[PDB]
Amino acid sequence: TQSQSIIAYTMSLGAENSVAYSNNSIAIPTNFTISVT
Amino acid sequence: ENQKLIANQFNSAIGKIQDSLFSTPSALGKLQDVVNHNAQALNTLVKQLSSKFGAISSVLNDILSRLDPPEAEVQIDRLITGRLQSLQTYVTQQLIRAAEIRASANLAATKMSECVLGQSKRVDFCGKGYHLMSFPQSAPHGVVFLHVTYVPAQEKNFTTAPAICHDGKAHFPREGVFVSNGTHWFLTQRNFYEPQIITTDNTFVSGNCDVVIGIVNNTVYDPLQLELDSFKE
Amino acid sequence: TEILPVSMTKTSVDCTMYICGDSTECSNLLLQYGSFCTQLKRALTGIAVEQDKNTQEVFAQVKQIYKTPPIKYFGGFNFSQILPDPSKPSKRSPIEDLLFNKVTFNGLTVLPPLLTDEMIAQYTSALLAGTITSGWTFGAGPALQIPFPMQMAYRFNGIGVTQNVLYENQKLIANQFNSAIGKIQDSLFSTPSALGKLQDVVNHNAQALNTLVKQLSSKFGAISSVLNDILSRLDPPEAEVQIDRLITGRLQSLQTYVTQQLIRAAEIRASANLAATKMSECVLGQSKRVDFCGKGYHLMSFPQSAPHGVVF
Amino acid sequence: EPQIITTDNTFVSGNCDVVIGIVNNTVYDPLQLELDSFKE
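Residue numbers (the authors' numbering), protein chains in the order written: chain A, 676 to 677, 689 to 723; chain B, 918 to 1150; chain C, 724 to 827, 855 to 1062; chain D, 1111 to 1150.
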């Protein structure tokens, strides 16, 4: 929409995720999801 | 303990599969492209009969009726060369597509054997996530696999340590990881948070208190020693 | 090190410009040969789309671009040779820079890839960051941060070795890993035949293009290979057969080129499927398959971007 | 290979009312049994 027109752009590879790495602070999941693909 | 929840999640995912297939038209794109490529190959092969290939006409009867046998021979020879080149191109393209389909079918049979007939630990081979099981589905000139995967969710942060030192000895987890909620230390699974009291039955002794880098000081409860302290005046 | 070709050079051929150029009579005669030019164009477009899809399936396996923490301490393991170097303009690692340095027109157009080398290097850096910060969790679901000494301890547990062996010999293991990473650069910088697969692919494509161009100089039984020359020296009725045989020769050359390109594209597609499988099973996890992620008990693998390929 | 169900072969999780289809059966404890021999 930017009235809508064709726009050109540099493609994004994805959102940046800065993993909170440290000498400690393990990340453990408390739940789960049953996914069918 | 969470059987009903997992069953409901599986039922909801199976129900959403039908919606993701009935709504999205590009779900069967591979099979549709195979069918369309075969149809286009056949249509091109049958339309190449209308090409003259430098001859006076594409009809053999017209060439035979209009021209004398001497030059009709070379006209028919040009037509034969053109149609034979068309047939050879069609057969070569069919061989290439058949090799591609053979590779795809070998992959499909491998995935059937390793996901439906068993449980595979190959990452991203039987779906995205920890593969539980797969269900095959018959498709026109193809096959559809319903990969049931285990996806972790709702992760929390816990202070961890490689080992613990209680009586000058380093204790390492047999199965799990040492975690801390801030004040107390527990042992839990790596893929699911289930805090357990660190005991001798959950850990093993190796080395001393000074060899491990990052070791922490925490008590290791011994059930055998605790039971002996109960039967003592 | 393991090197696998992932993509080829996407080539587009203008059949009319190649067979005829600017001659109108040649084009009118080529119109009588059917839809061979359409088939050739469709096959080349399919090959290009297939190369793009192979690159995407090999490198674009993560949904998020994971970043390394500002502190590069991972328990003594030095990843500076594989992590992206922000000093140089291209955000590539020293090993990736060495790999990039080691790898070196009548209607023929070369199409540029969809993903640039910078985007492929960014995908590789995201894979490396996810592997060094979360291990194998980012491949199955959300990225779960884990200390690298503990990650390597769990990977030691996957090969039948207790984690105490690693926790008691952590400095030795780190020194051995650093020495091996250092020797990898020497093995790649000194030996020129290490990257022979990608160079062979590039040379095969270039030689096919050069042969297709040189086929225009052939007469194919005609009196000359120049269309204007035979147009100016012969009458339209008698130059017709010369134009026809030149068109036949050039069309056979184009068909041979397209068939060879299809065969090489099938080979490169198989190689790219193998590369994506090895990525998923060695970088995103620990594989039990013998000799699939290197010689020995596989602990972990690190991808490296290469021109038209990938290095593990 | 039928083995005697003891504490060394099983682990405890949850209570007696969370599992669907759970059966009531004795779980022998070697430590408790050996402590009964050394008792008046």
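Each residue gets a CB set at the ideal place from its N, CA and C atoms; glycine is no exception.
* Which partner residues of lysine 1086 of chain B appear in the DSSP bridge assignment? -> According to DSSP, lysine 1086 of chain B bridges with B:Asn1125.
* Rounded C-alpha distance that separates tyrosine 707 of chain A from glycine 885 of chain C -> About 11 Å.
* Rounded straight-line distance, which links the Cα of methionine 731 of chain C to that of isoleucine 1018 of chain C -> Their backbone Cα atoms lie some 7 Å apart in a straight line.
* Asked: For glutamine 1054 of chain B, which residues from the same chain have a beta carbon less than 8 Å from its beta carbon, with the 5 sequence-adjacent residues on both sides left out?
  -> Taken in chain order, the residues that qualify are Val1060, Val1061, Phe1062, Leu1063.
* Asked: If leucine 858 of chain C and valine 736 of chain C are in contact, beta carbons under 8 Å, what's the gap, nearest whole angstrom?
  -> Contact holds; Cβ gap of about 6 Å.
* Asked: Would you call the segment 868-877 of chain C and the segment 809-822 of chain C in contact, with 3 or more CB pairs under 8 Å?
  -> These segments touch.
* Asked: Under the rule that 16 or more other beta-carbon atoms within 10 Å means buried, what is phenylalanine 782 of chain C, buried or exposed?
  -> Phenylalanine 782 of chain C is buried by the Cβ-count criterion.
* Asked: For the beta strand (DSSP E) that contains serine 721 of chain A, what are its first and last residues?
  -> First-last of the beta strand (DSSP E) with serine 721 of chain A: 712-722.
* Asked: Are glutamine 787 of chain C and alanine 701 of chain A closer than 8 Å when you measure CB to CB?
  -> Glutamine 787 of chain C is a Cβ neighbour of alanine 701 of chain A, given a cutoff of 8 Å.
* Asked: Can you give the Cα-Cα distance for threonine 1117 of chain B and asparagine 914 of chain C, rounded to whole angstroms?
  -> Rounded to whole angstroms, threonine 1117 of chain B to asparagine 914 of chain C spans 16 Å at the Cα level.
* N-terminal and C-terminal residue of the beta strand (DSSP E) that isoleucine 726 of chain C is part of -> Residues 726-728.
* Asked: Can you give the Cα-Cα distance for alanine 879 of chain C and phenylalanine 1042 of chain C, rounded to whole angstroms?
  -> Distance between the alpha carbons of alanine 879 of chain C and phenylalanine 1042 of chain C is about 23 Å.
* Using a beta-carbon distance below 8 Å, is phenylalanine 1148 of chain B in contact with chain D? -> Chain D contact via Cβ: present.
* List the residues of chain B whose Cβ lies closer than 9 Å to the Cβ of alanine 903 of chain C, in chain order. => Result: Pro1079, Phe1089.
* To do: Just tell me which of C:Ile770, C:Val785, C:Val826 has its CA closest to the CA of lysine 947 of chain C.
  => Cα-wise, what sits closest to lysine 947 of chain C is C:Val826.
* Asked: Where DSSP assigns a beta bridge to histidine 1048 of chain B, which residues make up the other side?
  -> Beta-bridge pairing links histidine 1048 of chain B to B:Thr1066.
* Asked: Along chain B, which residues have their Cβ under 8 Å away from the Cβ of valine 1128 of chain D?
  -> Going along chain B in sequence order, the residues near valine 1128 of chain D (Cβ under 8 Å) are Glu918.
* To do: Determine the chain B residues that contact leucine 1145 of chain D at a beta-carbon separation under 8 Å, and present them in chain order.
  => Listed along the chain, the chain B residues whose CB falls inside 8 Å of the CB of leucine 1145 of chain D are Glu1144, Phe1148.
* Rounded to whole angstroms, how far is the Cβ of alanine 903 of chain C from the Cβ of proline 1079 of chain B, which I believe are closer than 8 Å? -> Between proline 1079 of chain B and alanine 903 of chain C the Cβ distance is about 7 Å, and since that is below 8 Å, they are a contact.
* **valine 705 of chain A (DSSP reduced to helix, strand or coil)** => Here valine 705 of chain A sits in coil by DSSP.
* To do: Rank C:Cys749, C:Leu1049, C:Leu752, C:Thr881 by C-alpha distance to the C-alpha of residue 664 of chain C and give the top, closest one.
  => Any property of residue 664 of chain C remains undetermined from this structure, which presents chain C solely from 724 to 1062.
* Identity of the residue in B:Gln920, B:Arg995, B:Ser937 nearest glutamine 755 of chain C by Cα -> With distances taken between Cα atoms, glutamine 755 of chain C lies closest to B:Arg995.
* At 8 Å on the CB atoms, spell out the chain C contacts of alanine 1016 of chain B, in chain order. => Those within 8 Å of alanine 1016 of chain B in chain C are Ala1016.
* Asked: Using the rule of at least 16 other Cβ atoms within 10 Å of the residue's Cβ for burial, across every protein chain shown, is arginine 1000 of chain C buried or exposed?
  -> It counts as buried.
* Asked: What are the boundary residues of the beta strand (DSSP E) that includes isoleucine 1114 of chain D?
  -> Per DSSP, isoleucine 1114 of chain D lies in no beta strand (DSSP E) and is assigned neither H nor E.
* Evaluate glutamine 935 of chain C with the Cβ neighbour count: other Cβ atoms within 10 Å of its Cβ, from every protein chain shown; 16 or more gives buried, anything less gives exposed. => It counts as exposed.
* To do: Give the residues of chain B in contact with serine 721 of chain A, contact being defined as C-beta atoms less than 9 Å apart.
  => Residues of chain B passing the Cβ test: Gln926, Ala930, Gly1044, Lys1045, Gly1046, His1064, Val1065, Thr1066, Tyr1067, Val1068.
* Any C-beta of chain B sitting closer than 8 Å to the C-beta of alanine 701 of chain A? -> It does not: the Cβ of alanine 701 of chain A has no partner Cβ on chain B nearer than 8 Å.
* To do: Buried or exposed for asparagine 856 of chain C, please, with buried defined as at least 16 other CB atoms from any protein chain shown within 10 angstroms of its CB.
  => Only exposed fits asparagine 856 of chain C, as fewer than 16 other CB atoms lie within 10 angstroms of its CB.
* To do: Please classify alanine 1026 of chain B: is it buried, with 16 or more other beta-carbons within 10 angstroms of its beta-carbon, or exposed?
  => With fewer than 16 other Cβ atoms within 10 Å, it is exposed.
* Any Cβ of chain E within less than 8 Å of the Cβ of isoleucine 714 of chain A? -> Among the protein chains in the structure shown, which are A, B, C and D, there is no chain E.
* From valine 963 of chain B to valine 1040 of chain C, what does the alpha carbon distance come to, in whole angstroms? -> Each residue's Cα considered, the two are about 50 Å apart.
* List in chain order: all unbroken alpha helix (DSSP H) runs of 4+ residues lying wholly within the segment 996-1035 of chain B. => Listed in chain order, nothing qualifies, since the segment 996-1035 of chain B has no complete alpha helix (DSSP H) run of 4 or more residues.
* Asked: In chain order, what residues of the same chain lie with their CB nearer than 6 Å to the CB of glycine 1046 of chain B, ignoring the 5 residues before and after it?
  -> So the qualifying residues of the chain are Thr1066, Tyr1067, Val1068.
* Identified DSSP bridge partners for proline 1053 of chain B -> Paired residue(s): B:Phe1062.
* Quick one: grab the DSSP three-state call for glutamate 1072 of chain B. => Looking at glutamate 1072 of chain B - three-state DSSP - the assignment turns out to be strand.
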